[PDB]
Every structure is written in C-alpha cells, then in structure tokens.
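J.: part one of the complex, left exactly where it sits:
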Amino acid sequence: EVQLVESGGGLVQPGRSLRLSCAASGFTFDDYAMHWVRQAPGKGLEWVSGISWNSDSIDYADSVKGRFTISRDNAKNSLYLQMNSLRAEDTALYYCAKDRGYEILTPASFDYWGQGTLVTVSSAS
Amino acid sequence: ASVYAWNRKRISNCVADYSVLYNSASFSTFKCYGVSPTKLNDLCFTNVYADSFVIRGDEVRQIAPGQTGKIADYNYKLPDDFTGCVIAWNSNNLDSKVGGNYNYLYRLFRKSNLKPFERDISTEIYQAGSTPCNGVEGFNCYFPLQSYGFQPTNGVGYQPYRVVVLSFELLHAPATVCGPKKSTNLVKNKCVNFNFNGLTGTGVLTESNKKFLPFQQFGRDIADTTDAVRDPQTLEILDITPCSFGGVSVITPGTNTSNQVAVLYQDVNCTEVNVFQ
Amino acid sequence: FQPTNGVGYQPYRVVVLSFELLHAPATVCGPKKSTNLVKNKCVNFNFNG
Amino acid sequence: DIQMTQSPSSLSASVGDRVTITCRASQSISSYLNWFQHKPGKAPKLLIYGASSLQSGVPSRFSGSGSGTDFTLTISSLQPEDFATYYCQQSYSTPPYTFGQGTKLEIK
C-alpha cells in the first residue's frame, strides 16, 4: 500500500553529477530508515547507502565512499541521493528501499521497495 | 523510551479484547499476578496502566513485586500488591547496532531507594565523596546515567529486551475498561444470577428507593455483602435480596410403630415452598 | 579437557561457601563500625550480631 | 569481509512439484538471513525476514529454515505465479547487507 517513485535517471558523461529523489506516500516517513540499492544490468543486488530516521547516522558502501551524499527531507516525505564523479560502472538500476527499523545497521531487513530508475554513464547521442 | 524516563499510557473507555494478546506467540515472557490470563475477558476494570521501557536481558526477572536490584531499586519499582500481567520480548532486530546503540540510559547511583511507581528525571552529578562537584565532573563526581552496549554480536542473556507491563486497578468507581461481553435484558422480582460489571452473585433484584445515591454505586452491610447496586445501563437503584434459606426437620414416630413422616420447613412462609403455618 | 570442546563440555571451577550458626562466639563479622556504650537508657543494642 | 554463496544455479519443476533453494554463509550469521523474490519486470519483494519468520502479505506456502552457516528455502507447489529470481541477504556482519547471487527458476 506504500508507494516509492524515483527520478533523475538519464545519460551523463563520466565524472559528471546527477541528482535523485524518491517520493514516499503510503506510510509515516518521519520514523523509518531509508536505503539505496544498486542493480547492475548483468549482476545481482548491491547495497549503496542508508540514512537513519533522522539525519544522525549515515553509512556508505566501500566502493561509493567520498562520492555519494544521501540527504533527507522529513517535511514533505522525500529523500535524496547526490552522486558525484560518476564512472562507467555506475550505469546500473537504482532502487529506493525502506528499512523495517529506525537505524541503518540493524538486523532488520528491507521490507518495501520501489521501481527503479535506470541511469547510464556513456558518451552517446 | 529509556528506563529512567519510562512512558505511561492511559487506557480507558475500552471494549478490551485480550484474546488476541493471549493467542500471539511473539512474547517470550507472559506472566500475570493475581489474574488468570484466560479470565481477562469477563472482568471489568476502572482504569488500565501500560508502562513501556527497554532494559537488559538479565533484568527481566527483576520486574516483579518484592524484587531487589540496581534497576529495581533506582529506576523502576513495583508495589508488593501488584496485580496485572507482564509482557516482554527480545528486540535485537530493532534495538541493536553493530557499533552499539547508545540511545538507552539507566541510572547507576542515587541517594536512596525510590518509592514504588515514581519517575526520576534529574541528571545532577552524583556526589560519591566530599569534593564539591559544582557542575564539574571529576573525582567523587560520577554521572548517575550509564548507556547500554547493545550489539547484535552480544550474548543472549545480555540482549536488549522491550518490556510492557499492564497494571489493573479496581476501586469503587464506574469501570470503563470492560471486555467483549453482551449485556442482556433485565428481569426482576425473580431469583436470578446477576453480573454487574464483574459483581457475580445470586438473588432477587427488587426495586427499592434506598436513597438518592447522587454519586455512589454500591451499598454494603455489616459483612462484605453488597445490598444495593446501581444499574450500569440505565440509572436506577436495584436491591439485592438472597434466595430463601431454611431447614428440613422430619417429624416421625418410631419406625417400629409405623412408617410415616411430616416435613417442617422453619422460617419459611411456604405459600411458594395438609399444609399448616 | 581441550580448548576445542563444546560449551557444555568445558571445565568449570567450583567454589562453595557454607555458613554455620550455633551457640558459639561469632568470629567472622562484617565491616560494621562500633559505637559507644550507654547505660541506664532504653536502647537498641547489637552485641556481636 | 564475509562471503555469501548460492548452491543452486538454475532449477526447473512443474505446477505440482516441490523444490528447495539453499543458501550457505561462509561465516556464522546467527539466523539473520533474508529472502527476496525479484521479479525481473518490477520491483523486488520480501518473503521471509529472519531465519523462519514469514512476512505478512505473501502466501504461507513458502517456508524457510536454517541457522549458523547453513540455510534453506522451499516452495511447496511452485504455482504459475512463482517464476522469479530469489536472493539471500545477510544482515549480521560488518559489511552491510551482502547479497548472494541469483537463482533463476523456470518451470517446465
């Protein structure tokens, strides 16, 4: 019954930045943790980043450290993800998942997901 | 919430159904003092208290009347005449962090044991010695609050647990937390088996204008015998009179002489039960 | 005994304390201070426990 | 680092068959495993959180089991709406939320 719709997928050159959003409407956004998940076109799921119920504890994956800055806006039930200095391996599909608890690193799993937004890092026409 | 800042929720105006609570299997500890859990449905209570907090695994036993311990003495105290139920379940999936969840605090030192059912919020620096602290922590200046090191790798006996205790209070007030029981139509002037908000008993409900009873419900006698009760559905003063008593004395001649008897019910006007008065 | 044994099979060191109380002079007391002695005054005395 | 492994690679069954998908963890994770059903056409869903706890909203046909370094997932019937890829995720070790590889299930 919850809805999670993202945006910001497109075509960019290597080293260029683009901005993601994700709208939540089916639950209370002010007391849950949120995560970002990456799905390569020819591989499995991979965890990227997560934020707590409030902007206190933030963790990043090893391969995306120093490049991504996950934000949050509790006022209008919307989170963000700023990706900087994109490389060719970051042309995967990104999901906007929801955590069952209120913290980032907990034995709690990801209960609800949303349809991803595909991004490409290449120089095409 | 934390131990020293335990929440308390007021419960009133309920059709309280405890069957769903009983049938759930998510509670490791399900213990009730003075009330059978299967019998919670019919009983009516004037008010219900729900206290929630999180403590350590080894301290689940300390939440009981007449129990001694650091949390038992300095954080949370139960009356010796406590009645109700205690609910607790593990919360590693919610209240555990690999780096250690430091959002849970409990009190270490205090001047003296606190009275049952009272809360402490002051975070003044404890004076363990003679050196004045003057708001500066140091020697003979211990912070009374300590943070639990809850981690998913920790032992089972040390794991965080969430505790919710239900306390039921009964007194001469109109009960507002009842169970899913249907109220039937009233029948008076006959020997019936009534039930007025858990007040069980038999008798005849004659209509009596005992007094005004502007705010009162029950009426008592020399013994613990409810004489008059006030109806819960409407507002009238009914009167309870117990059924007929007596004795069966047998008038007989010698069985050697003949085989006949005559029964006597004394102190019985047996227009209702060769009849004599 | 080996370090590779299971948790239930590990060695355990046991120390048991037993106290006896009877009509004998108490000799093992606790760290309780002793006050002065007052005579001809109704008091709550504590003589050797 | 912890390595999370998938024993099966591709399985095939029938509408009235019964197969078991197993997932092995290199290091002990203490019953902290999750199973996800990723339909390739839409967003993935969750079936079982924890070792053997079944989330509300999905049929009780699925059943999980295992603890320590050995886990298993089974489907009792493989109904015509169960063709998807299943992933096993651990949430106990320092590398956060390591996912296992896929396991395609095409019934034929």
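T.: Okay, I see it. Numbering: from 1, shown residues only, chains lettered A, B, ... in the order given.
J.: what about stretch D:24-43, distance to the chain center?
T.: How far stretch D:24-43 lies from its chain's middle: 5 Å, per C-alpha atoms, centre = their mean, to the nearest Å.
J.: Please point out which parts of it sit buried.
T.: Residues of stretch D:24-43 classed as buried: D:24-25, D:29-38 (neighbour count, 16 or more other C-beta atoms under 10 Å in any protein chain shown). (C-beta placed from N, C-alpha, C; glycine too.)
J.: Name the helix or strand for residue B:72, please.
T.: Using DSSP states H and E, residue B:72 maps to helix B:70-74.
J.: I'd like to know which of the buried residues of stretch D:24-43 is nearest to residue B:155.
T.: Residue B:155 has its nearest neighbour among those in residue D:30, at 11.2 Å by C-beta to C-beta.
J.: any idea how far residue D:55 is from the closest one?
T.: Look at residue D:30 and residue D:55: by C-beta to C-beta, to the nearest Å, they are 20 Å apart.
J.: cool, and residue B:167?
T.: Residue B:167 sits 33 Å away from residue D:55, going by C-beta to C-beta.
J.: out of these two, which sits in the more crowded spot?
T.: residue B:167 (20 against 17; other C-beta atoms under 10 Å in any protein chain shown).
J.: now the end-to-end length of stretch D:27-37.
T.: This stretch, stretch D:27-37, spans 24 Å end to end (C-alpha to C-alpha, to the nearest Å).
J.: what about it, near chain A?
T.: Yes - using C-beta under 8 Å from any C-beta of the partner chain, stretch D:27-37 reaches chain A at D:32, D:34, D:36.
J.: Take those residues and keep only those in strands.
T.: D:34, D:36 (DSSP state E).
J.: Go through the residues of stretch D:27-37 next to chain A and name the one nearest residue B:53.
T.: For the residues of stretch D:27-37 next to chain A, the residue nearest residue B:53 by C-beta to C-beta is residue D:32; the value is 25.1 Å.
J.: Isn't residue A:121 up against residue A:10?
T.: No - with contact defined as C-beta atoms under 8 Å, residue A:121 does not count as touching residue A:10 (10.1 Å).
J.: Break down the stretch 1-150 of chain B into its helices, ranges please.
T.: Taking DSSP state H, counting those that start in this stretch as the criterion, the stretch 1-150 of chain B carries its helices at B:19-23, B:70-74, B:92-95.
J.: thinking again about what came up before, and chain B, which of the buried residues of stretch D:24-43 reach it?
T.: Taking C-beta under 8 Å from any C-beta as the test, chain B is in contact with D:30, D:32 out of the buried residues of stretch D:24-43.
J.: Include this sequence as chain E:
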Amino acid sequence: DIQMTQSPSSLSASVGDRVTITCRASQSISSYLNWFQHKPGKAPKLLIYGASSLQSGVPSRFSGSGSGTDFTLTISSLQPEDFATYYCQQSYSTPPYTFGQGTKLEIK
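T.: This next block brings in chain E, placed alongside the chains you saw above:
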C-alpha cells in the same frame, strides 16, 4: 560442496604410547562426525558415531571430541590390534556422506 580434511598423514607409536588423530572440516558440521576403522584385510568398522558417542561393541579406550570445524580422535594405548586406517565422515551438509582421506598407523 564441503571439503573434509585430514591433518595427519602417517603416524608411528609403541605398544604403550598415546597418539591423537585430528580431522578438520572446512565448514561447520555441528558435532556430526563419524570415525571408522578400516582394516585393509576385511570390512571396515565403526568406532564413534557423533562427536563423542562411543558405539557398543568396541573398547572404551578410544575417545573422540570436537565440534564446529575442529575435531580430534585419540587412542590411549595403541594395543597390538589397533594397526589400521582411520577415516572421518561428515553427515550434515548437502553432499551426502563426504569421507576424508586415510591416515595409516604403523606402530614401530
């Protein structure tokens, strides 16, 4: 797949000596190990089923121990009827009944 390993290769002792044969499992098997004495001239026999449970019909001189990924077998005396090859078998993982290599014991 699970790999089952034997630390010793060949041992030698005396009639009044005491040696220990150890068997390591790559993955945890939870105390489900078995030891067999395979005399090269006839059918093999079983000595200890489970981690430390001794089967009826063989002397109580033998004693086993271990759980998880570390196991050990010891012989207290090595009497003149104990020269044989000893195998450790796991019965917990999906590959059914994986046997370890041999361990020859010639007393001299």
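J.: The buried residues of stretch D:24-43 again please, chain E included this time.
T.: By neighbour count with 16+ other C-beta under 10 Å, stretch D:24-43 contains the buried residues D:24-25, D:28-38.
J.: and what of stretch D:57-75?
T.: Across stretch D:57-75, burial judged by 16+ other C-beta under 10 Å covers D:62, D:64, D:66, D:68-73, D:75.
J.: can you check stretch B:221-231 too?
T.: B:228-230.
J.: Pull the contacting residues for residue B:10.
T.: Counting by C-beta atoms under 8 Å, 6 or more residues apart in numbering or on different chains, residue B:10 makes contact with B:47, B:49.
J.: about what we covered before: now tabulate the buried residues of stretch B:221-231 in JSON lines and tack on distance to chain A.
T.: Formatted as JSON lines, the buried residues of stretch B:221-231 follow (distance: C-beta to the nearest C-beta, whole Å):
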{"residue": "B:228", "distance to chain A": "51"}
{"residue": "B:229", "distance to chain A": "46"}
{"residue": "B:230", "distance to chain A": "44"}
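J.: Centroid-nearest residue for chain D?
T.: Centroid-nearest residue in chain D, with C-alpha atoms, centre = their mean: residue D:35, separated by 3.9 Å.
J.: Can you pull the residues of chain D lying near chain A?
T.: Contact residues (C-beta under 8 Å from any C-beta) of chain D with chain A: D:32, D:34, D:36, D:38, D:42-46, D:49-50, D:55, D:87, D:89, D:91-92, D:95-102.
J.: Buried ones among the residues you listed?
T.: D:32, D:34, D:36, D:38, D:44-46, D:49-50, D:55, D:87, D:89, D:91-92, D:96-102.
J.: burial measure for residue B:174, as a count.
T.: By the criterion of other C-beta under 10 Å, residue B:174 has 11 neighbours.
J.: Thought residue B:45 was touching it, still the case?
T.: No - using C-beta under 8 Å, residue B:174 is not in contact with residue B:45; the gap is 11.2 Å.
J.: Contacts only, for the closest residue to chain E within chain A.
T.: Distances between chain A and chain E by C-beta to the nearest C-beta are smallest at residue A:107, namely 20.1 Å. Residue A:107 is in contact with B:92-93, B:96, B:152, D:32, D:50, D:91-92, counting by C-beta under 8 Å, 6+ apart.
J.: Mind doing that once more with 10 Å?
T.: The contact partners of residue A:107, by C-beta atoms under 10 Å, 6 or more residues apart in numbering or on different chains, come to A:100-101, B:92-94, B:96-98, B:152, D:29-34, D:49-50, D:90-92.
J.: Let me see the ranges of the strands in chain A.
T.: For chain A, the strands defined by DSSP E occupy A:4-7, A:11-12, A:18-24, A:34-39, A:45-51, A:58-60, A:68-73, A:78-83, A:93-99, A:110-112, A:117-118, A:120-121.
J.: put chain F on too:
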Amino acid sequence: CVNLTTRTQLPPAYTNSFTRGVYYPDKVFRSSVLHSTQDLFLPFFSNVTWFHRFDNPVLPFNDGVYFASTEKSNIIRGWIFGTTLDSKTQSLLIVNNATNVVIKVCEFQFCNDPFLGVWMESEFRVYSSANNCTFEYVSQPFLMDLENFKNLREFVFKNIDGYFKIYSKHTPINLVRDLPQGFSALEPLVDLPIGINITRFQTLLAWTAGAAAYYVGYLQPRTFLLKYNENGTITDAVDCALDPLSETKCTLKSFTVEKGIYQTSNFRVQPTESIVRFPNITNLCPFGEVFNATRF
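T.: Let me add chain F to what's already shown:
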C-alpha cells in the same frame, strides 16, 4: 508582569478549626451504621492559618489542603499548583473565571504576582507563556455575577495515586469574622486523572480592593468514626486520637459511654538510640587465595 506593592505587612492570624473538614471517604452507600476508617483528615480543633487588603503568598502542599472562603463578590477565581512555576516543571492551573471552569496542566510562565484585574473583568495577567501542554477540561456553561457574610465555601484537595481529588461544599452562614461551630459533610466533586508532583500552591484574586478572607488548613493521616443517619448522610464524627474519651468511644464503637473503667490501648516506652559493639579486628578474610588461585 505587573507588580503591586501597596500591601500592608500583617502577620497571619489564627483561628480554631472546630469540627470542619469531614468528607465522604469513598463511593459506597451506608446507612444507620457507625463506620471506622483510616484516611487523610483535618484534625479536630486544629490551628488554621487565617489570611486577609490583598494577601496571597505561596503556601506549601504537604499532604492536603483544606481551603475555605467566605465572600460576597467572589474575589477568588481559582488556584495554581506546582513545584517551580517557571516552565521548568509541569504545573496545574484552575481558573473559575466569569465564563466557566477551565483546568489546564500545561507548563506556564508564572510571574512574581499572578492575579486578575477588574463592573467588568479585563486584565488577564496570570501567566505570560504556555508550552508543552498536556491536559485540558472545561465544565458546563454557566454565568456568575461579578458583584455580614451570607455563604461559606470550603474545599479539600488531595493528590495521591496519580489522582487529583477535589471535595467541595457550599452552605449559608450568618457570621462575619468567625468560623461556624457545627458539622458539614463534603461530597466529592472531581477526580482528575493526572499524576502531577505538587509541593506549593497559590490562590488567584480578581484598582479596587475587596473585603474578603480565606482560610487554610492542612490534612494528616487520622482515624475517624463516622455516623450515618437513616438517609445515608454523615451527621457526626469523632477524631479518634484527640483525647482519651475519644479513644474510649472508638473502643466501644459508640458515641455514648456509661460509668466505669475501660481499657483502651497499651503504653510502651520507645527506644532512644542504638549501639553497636563488635571486636576490633582489622585483618581481611583470605578470599583472594580461594578465588585467585592457579590450580584447584
């Protein structure tokens, strides 16, 4: 806020409480019986502090307050209960203004002289700020006029088991500067289900100064023997530890006693202090050797 200093310094007076401050201790109906109960009561013939001029300082709240007032224009509006009364702790507020009865448990910012100004009432300067509000309650609509004594109002406030209990009674009187000698039973009014910590309190007043006074008394745990008439109302009571005759009446469970000698209780001398006598040995028990050993 607004400071008023035109207040002459007068020491508080005192008056005899007589037999005032008896209420119904519970909600069960009894008739034509003598019932003995233990409860927080106002002792018979106690000392009651008398205030007048505008006199309304902060007063303590130990276990209960017997508040009585005789007026002609109802200068008193309500009461304020709390511990700090400076938004540092939760405080209780009651105002029975010209509109209705308003009760709030919010955290207010009380100045050094909370009061109401006034024929019409215009100045509402009891508090300045209010935050973290929790509870509120308003009674039924009723309007009351702003303009020797004729009526006496008496109240009892209790705070136990997280309940704020208020008992009240209103009776006519022909006295001016004296409390009536008689008996009056107080029935419960409201039982607020709020668990506040209360230690001090104060009274509100509503420029022109009026001629009125209010009386303050403190309750303490006492045993009482109450007499119910044929209609279930309290007609007389006996403070059971006022004097030996009262103890005799308690023992016999009656209000009349015949000539004779009766045994009431037992006299027992109480201890004055305590003494401890232990041998002066200072060597420690060898517990380290038992526990910190290498080989058992």
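J.: what do you get for the buried residues of stretch B:221-231 once chain F is counted?
T.: So for stretch B:221-231, counting by 16+ other C-beta under 10 Å, buried means B:226-230.
J.: Just flag the most distant two among those.
T.: Largest pairwise distance in the buried residues of stretch B:221-231, by C-beta to C-beta, is 11.9 Å, between B:227 and B:230.
J.: so where do the strands sit in the stretch 101-250 of chain F?
T.: Here the stretch 101-250 of chain F has its strands, by DSSP state E, counting those that start in this stretch, at F:101-104, F:107-117, F:123-131, F:136-138, F:151-160, F:163-172, F:185-192, F:200-205, F:213-218, F:220-228, F:234-239.
J.: Who are the packing partners of the second one?
T.: In this case it means strand F:107-117. Packing contacts for strand F:107-117, counted by 3 or more C-beta pairs under 10 Å, 6 or more residues apart in numbering or on different chains; DSSP states H and E, involve strand F:76-82, strand F:92-96, strand F:123-131, strand F:200-205.
J.: among those strands, which is nearest chain C?
T.: Short answer: strand F:200-205, nearest of the helices and strands packed on strand F:107-117 by C-beta to the nearest C-beta, at 37.1 Å.
J.: Tell me the strands beside that closest one, with direction?
T.: Strand F:200-205 has its sheet partners listed here by DSSP bridges as strand F:59-60 (antiparallel), strand F:76-82 (antiparallel).
J.: any idea how far the residue nearest to the centre of chain D is from residue A:107?
T.: Distance of residue D:35 to residue A:107, computed by C-beta to C-beta: 15 Å.
J.: coming back round to it: which residues sit against the helix holding residue B:72?
T.: Contact with helix B:70-74 is made by B:3-4, B:53, B:55-56, B:59, B:61-64, B:66-67, B:77-78, B:106-114, B:120, B:144, B:146, as judged by C-beta under 10 Å, 6+ apart.
J.: Pull out the buried positions in stretch F:230-244.
T.: Those would be F:232, F:234, F:237-240, for stretch F:230-244 by 16+ other C-beta under 10 Å.
J.: go on, stretch A:5-22?
T.: Across stretch A:5-22, burial judged by 16+ other C-beta under 10 Å covers A:6, A:8, A:12, A:18, A:20-22.
J.: likewise stretch F:165-172?
T.: For stretch F:165-172, the neighbour count (16+ other C-beta under 10 Å) marks F:165-169 as buried.
J.: what does stretch B:139-150 give?
T.: Residues of stretch B:139-150 classed as buried by neighbour count (16+ other C-beta under 10 Å): B:141-142, B:144, B:148, B:150.
J.: Who does the closest residue to residue A:69 other than its chain neighbours form a beta bridge with?
T.: Counting by C-beta to C-beta, 6 or more residues apart in numbering or on different chains, residue A:82 is the residue found nearest to residue A:69 once chain neighbours are left out, at 4.6 Å. On the basis of DSSP bridges, residue A:82 is bridged to residue A:19, residue A:69.
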